[PDB]
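Below, in structure tokens: the form deposited in one PDB entry, a single chain.
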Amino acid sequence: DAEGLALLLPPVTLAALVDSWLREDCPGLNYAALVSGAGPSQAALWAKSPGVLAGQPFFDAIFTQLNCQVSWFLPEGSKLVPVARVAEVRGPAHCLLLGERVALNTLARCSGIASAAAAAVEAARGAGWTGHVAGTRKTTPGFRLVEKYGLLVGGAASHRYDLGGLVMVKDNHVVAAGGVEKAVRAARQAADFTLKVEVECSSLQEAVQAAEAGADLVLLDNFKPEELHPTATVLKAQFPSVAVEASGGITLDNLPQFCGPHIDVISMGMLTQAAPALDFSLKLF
């Protein structure tokens, strides 16, 4: 339920984040305020792009700090059919216009990401796949919370939010430890019983070693689909307890080829790296 996803955001980190965006955008004197004055005003939020609406909590938080209210005519997660009237913002003219840029930028990107995620979720459902579409750690620094939240609204999984969410043995960890077995034993030992271990693998060989050493998840990285499913099928056969994730060169276009009955998770970097922002405007009436 996309409407209840707003509960995920701790209100204290939210305010801090929004604060910093507002200091970033206006550090000193706001001369443009004298142009608008402080008279009460109303603006309409317009969706000019198709996709999924995501980011209301951030949008609200921004305008709240600035003593404006927002009324939403569409719930979080709604399909957007341009040109749609999405919300109304009310408050002192100068405060409205102060929040405009940050609020739109935030909503545009969050919705951009949710849109991409929903497209990918739909494509996978359209190929009869039951697994989880997921984002990667390829997010914008300092903006991770908005991007991970966008993914969730679009129906995708956030994945590990940070390095502390699960112990991820990437190919570089393997090199540094001197081999998969050594890396996964080290990982499994270090990781609290609280955490799962995932291992990035480029071959069936590595994948089997990883599962043998107690990997909870195996990330089959950069396989061609023809090599992927045979590999995944064997892993699940020998190790039904181990989850299989696929990632690497996955696009919305080729996503159905990567879906298969033995792939539990598909994670796509494009959901955050390449997701174009939606066009929104805030017209004062």
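What we label the rigid core is the largest C-alpha set whose atoms superpose within 1.5 Å from one form to the other. One-based numbering along the sequence shown.
This next part talks about the form deposited in another entry, which is not shown.
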With the rigid core superposed, which of 84, 204, 104, 97 has its C-alpha shift by 2 Å or more between this form and the one not shown?
-> 204
Classify residue 145 as shifted (yes) or not shifted (no) between this form and the one not shown, where shifted means its C-alpha moves by 2 Å or more with the rigid core superposed.
-> no
Core superposition between this form and the one not shown, C-alpha change of residue 164 at least 2 Å | yes
Superposing on the rigid core, do we see a C-alpha displacement of 2 Å or more at residue 214 between this form and the one not shown?
-> yes
Since the C-alpha distance between residue 76 and residue 161 changes by 3 Å or more in the other form, give its direction relative to the shown form: closer or farther.
-> farther
Shift in CA distance, residue 17 and residue 195, in the other form relative to the form shown here, given it is 3 Å or more | farther
